[PDB]
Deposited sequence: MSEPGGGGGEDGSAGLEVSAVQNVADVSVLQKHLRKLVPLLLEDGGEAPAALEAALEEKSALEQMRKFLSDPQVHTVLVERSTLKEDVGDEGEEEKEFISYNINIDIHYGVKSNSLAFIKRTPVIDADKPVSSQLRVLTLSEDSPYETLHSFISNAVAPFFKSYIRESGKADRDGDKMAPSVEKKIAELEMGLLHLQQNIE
């Protein structure tokens, strides 16, 4: 019935972002600028309310010193960007349940995407899948093949 208000996501990000993309301390003015952009507000409302929108990215960018943030639905890489991605666990974010129990969180660094994805596949997805299953064998093998593929791309820079 009740979709969470945008302010619930803003408040959550003011607390979470400083822990994951900064060295602690309070939410920087730069992050507050991003949370208040009209575009950002509409992207965040869409994420909260629309079952077809699954993700939101908080991206911290530096230029040569100068820190900037941006909020958008699109999950992507940037050479001088470090990001936090939120994935909804259910189609809509319920105003009546805690927000943290409705999201999955992943961080995405400025490393080569081949390295970052290799690391997530090799160190998290592969053992988590094996832990459960120990078509399933065919999916275990595809995880292994994806891991190798990514390792090759990473080695071939």
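**Q** Taking the deposited sequence as numbered from 1, list the residue ranges that were left without C-alpha coordinates.
**A** No coordinates exist for the deposited residues in 1 to 21, 86 to 96, 167 to 177, 201, so these stretches are absent from the model.
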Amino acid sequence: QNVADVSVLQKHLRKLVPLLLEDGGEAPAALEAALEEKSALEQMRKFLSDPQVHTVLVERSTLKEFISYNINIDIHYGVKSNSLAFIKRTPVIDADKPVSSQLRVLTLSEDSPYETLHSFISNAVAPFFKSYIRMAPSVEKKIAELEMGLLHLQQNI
From here on, numbers count along this sequence of modelled residues.
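**Q** When the C-alpha temperature factors are averaged for each of 103 to 111 and 25 to 33, which stretch ends up with the higher value in the entry?
**A** Higher mean C-alpha B-factor: 25 to 33.
**Q** Averaged over C-alpha atoms, is the B-factor higher for 93 to 101 or for 113 to 121 in this PDB entry?
**A** Comparing 93 to 101 with 113 to 121, the higher mean C-alpha B-factor belongs to 93 to 101.
**Q** Which of these has the highest Cα B-factor in the record: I133, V17, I143, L9?
**A** Largest recorded C-alpha B-factor: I133.
**Q** Out of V79, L84, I87, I71, whose C-alpha atom has the biggest B factor in the entry?
**A** Within the set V79, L84, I87, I71, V79 shows the top C-alpha B-factor.
**Q** Please say which third, lowest, middle or highest, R45 falls into when its CA temperature factor is compared across its chain.
**A** Its C-alpha B-factor belongs to the middle third of this chain's values.
**Q** Sorting by Cα B-factor within the chain, modelled residues only, which third would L63 end up in: lowest, middle or highest?
**A** Highest third - that is where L63 ends up once the chain's C-alpha B-factors are sorted.
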